[PDB]
Structure formats: C-alpha cells, structure tokens
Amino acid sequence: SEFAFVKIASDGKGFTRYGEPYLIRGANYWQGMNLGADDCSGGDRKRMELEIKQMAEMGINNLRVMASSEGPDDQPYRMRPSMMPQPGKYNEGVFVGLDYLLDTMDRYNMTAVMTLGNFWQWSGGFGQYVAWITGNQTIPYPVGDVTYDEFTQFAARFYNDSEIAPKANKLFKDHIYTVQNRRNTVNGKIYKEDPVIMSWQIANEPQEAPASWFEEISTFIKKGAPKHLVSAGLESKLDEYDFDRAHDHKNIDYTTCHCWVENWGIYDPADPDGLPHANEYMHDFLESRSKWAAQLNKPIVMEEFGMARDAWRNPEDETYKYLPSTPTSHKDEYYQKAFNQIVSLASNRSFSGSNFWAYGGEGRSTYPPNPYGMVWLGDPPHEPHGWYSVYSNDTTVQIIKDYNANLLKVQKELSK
C-alpha cells in the first residue's frame, strides 16, 4: 500500500516510486499555498491551477513548496496573510490554499517537498519564532545598515541559545504536527498518509545549525510521518563538515544543495563578461557536492538555483534588471549548462535532479500588489520582484522543458 510513496533506493544512489527509479524534474513554487487560497485570503486559485498545468506541460514532476508562514501580519518583507499569525492559531483560508495546492499537484502526478520552516524572514521564519519567545517583535531585518550577519545571529538563537531554543522548537514542533496531521479538505487525505508528498523538509537554509538539532528535528518529523522521506533544506554552500553536520543522520534520507552565484559574489549580472566564471563555479559545485553525497551514500538534489535577467545590456539602469521584457540570455545558457551536467551525472546515478528557483507563471513584476500588498511570483517579498522568476513565456521555459524530457529519458534507461 506504499507503492506510490517516494523512497530511497535500497543502494542509496537515487529515489524510487512505483517500483522504478525516480528523478526530480523539479521547480520551486513556494507561493503555491497563498495562490491556492480563496479570494478573500488573497489567493487566485484559477491562476494557481493554470500555473500547475503550465509546469506539467513543461515536464515538471516535483514542486518544492512552502508549508509554513508566520505572522504577525503587520511585518514587512514577508508573505501576507500568514498561515500561522500567532503560535498555534491558523488562518484557515491560507491553510485551505495548501490543500488545493496538493490536490492540484495530485491531478498532475507531481510530488511535493514540504518545507516546514525558514531560516529567513520572507515567511517570518526562525527570527519570528525568536521574536515570539523573547516577546520583542522588533526583528533586525537585514536592510539599511543592518548586516545579513546581525540578522543571522538574531535568528540562529532559534537553535543555538540554551534558553530560547527549547521554547522556539516547542512551537515549531507544534506547527510540524499540525501540518503532518492536516486533513486535506479538498480530497480527504491526511497529509502524513498522502503519497503526493515526497518529503518533509525541516526548514529552508538552516545557517550552521548544530548536528544535535538536525538529529532531533529529523527524528521528530520521521516519527510524525513514518511513510515519508525527510530532508534538511541545506544550501551546502560551505565545506564537507557543514554538509555532514546536516546530512549524516539516520532520519535525513537525502541531501540537497542550493547554488546562488550572484548572492555569493561569484557573478555580477551587470558584467557582460561575467558568465564563464559563473558556469565554471556551477560546474565545480555540482561535481564537489555530488562527491559529498556519494560519501554518505545518499541521493542529492540541487533544489534551488537561479540567475538574474540580462542587466548587463543596460547596466546603469537598476530597474531594467527586473523588467520581464529584459532578455535572459545569460540565465538561459547558465540553466542549459547546469541541466546538461545534471543529466550526465544522473546517468551514472550520482545526482537525482533539480528544482530551479523559481516559477513565476502568470505573475509579473510590473503588476500592482494585491490588497494584502503581494505581487505574487517566484521572488519572495524580501527581494526585488522579478529578480529570478521564470515567467510562463520566458525563453527559459523551452530549456527547462527539454531538460525535463532529457531527465525522464534517463529515468527510463535506469529502469530497464
């Protein structure tokens, strides 16, 4: 009765589903829950349904989605309305959006990676849990003079502070229990029994969290939903020690990496000559991270990566970088080369696929905010609208479609 659940191959070198290898023809669609919500809760469910259909037509079989968001709903830089405006109090309209997301994915034979939390601020995240515990809602968001380091030390108290961490983790476990035990109001499935869910993912991008926290939370999640895979959500941006600290645990079933050349200072999209160094970085990142995963004998998915539009065509105009009319020639080549490497690595069972960040669909960065202040698309509200989104008619779509066809062909060869 568990034929449809995604599993780790008994030899550790990939996933299976339906008794056959399973490769990840993936996308990120973290805005799905909010778009699936009814109109009064800020959704656009027909648009969600169309964007899922578009992704199915481009060959996608797997969406990494966000199954959390924290209030209060008067905070900048985050999804609104939140799923969980106060601890243990839910916005049912937004929760129903997650039910519709999962039901629509089921109709298109997709599986979901269910991200249960977020280090970062765009869904409230670990800094919001810290604010709840300390009783101080003034979170030092990393804008103006506030460093990404200052914010990180604030939010990392979630797992590093001896007083705060037990309290924060209690509230987080309460959320995990509530999502794992949700009855889908649309199709009646309890989430922890739904084979549309591929995995429960601890959180997006924990920052140097201790091994003991990964051990404890992964075991909690696995005991809560014993039929499902568990993932750590790591970037794998540092060294092998950091990789092992997150992944070398019985209840972490597979490994991830997130590759962000502009964010890490490797690529300047305003530099007409900057692409070769980004392509070489991506190449070496895939090679090295594939080897780290092999050392643990677990699969690996590059569950985030992306690149800006062609800012270099008009480098003096900041707004030009984010217009949907701006071409994506660097991005398309970057995606195409990463994809072709992944297909070759997957052919030897050294990589399991990828989820580009992120599908924008019908949203556009030039459109007005909805009444909650949201311009929904693939870029969360802590970043410029349109930075990394792949729109429904971008030139990148055909490259994604061809990649997914190539990875499915590989999956079939591996099934013989």
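Quick note: we count residues from 1 along the sequence shown, nothing fancier.
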- prompt: With respect to the recorded C-alpha B factors, which stretch has the higher mean value, 331 to 339 or 270 to 278?
  reply: 270 to 278
- request: Averaging the C-alpha B factors as listed in the entry, name the stretch that ends up higher: 312 to 320 or 227 to 235.
  value: 312 to 320
Residue selected from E304, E205, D106, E262 by maximal Cα B factor: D106
task: Would you mind checking where the Cα B-factor of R25 ranks among the modelled residues of its chain, as the lowest, middle or highest third?
output: lowest
task: Grab the CA temperature factor for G88 from the record and place it in the lowest, middle or highest third of its chain.
output: highest
- prompt: Considering only modelled residues of the same chain, in which third does the CA B-factor of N61 rank: lowest, middle or highest?
  reply: lowest
field: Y177, C-alpha B-factor rank within chain (lowest, middle or highest third)
entry: middle
- request: Consider only the C-alpha atoms of the modelled residues in this chain, order them by B-factor as the entry records it, and name the third containing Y77: lowest, middle or highest.
  value: lowest
